[PDB]
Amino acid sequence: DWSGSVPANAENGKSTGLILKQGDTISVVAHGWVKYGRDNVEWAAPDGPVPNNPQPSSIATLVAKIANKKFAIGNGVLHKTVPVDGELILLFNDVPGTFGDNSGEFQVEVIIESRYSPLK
């Protein structure tokens, strides 16, 4: 449903144009490598920093923003139920005000697996 790049230096994240509703289900996979600083060690996968330089929880990981709330994605998720309405924004969750020294981008694929419709 959407594929593209999520830049590590985009403090506001990357809009996908996918408008999610409560009860939809989605899958995401994320590839590649970014820098969250200039030092040779400051590399991250979507799952987060390489663990020879750990950061606080969820910091410098790939997250989804929906309705301005962050949800864990990391390297990916399969068939997860969306709990709030909103456009899916993808974000490298680095410390605000420090994105300017970042580089690289993740290659991300999103599939809307289902649109909410209950048995009735």
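All residue numbers refer to positions in the sequence shown, first residue = 1.
According to the PDB record, 94 to 102 carries the higher mean C-alpha B-factor of the two stretches 94 to 102 and 14 to 22. Looking at mean Cα B-factors across 38 to 46 and 84 to 92, the upper value is held by 38 to 46. Each of 30, 78, 59, 64 has a CA temperature factor in the record; the biggest one is found at 59. Sort the chain's modelled residues by C-alpha temperature factor and residue 119 lands in the middle third, per the entry.
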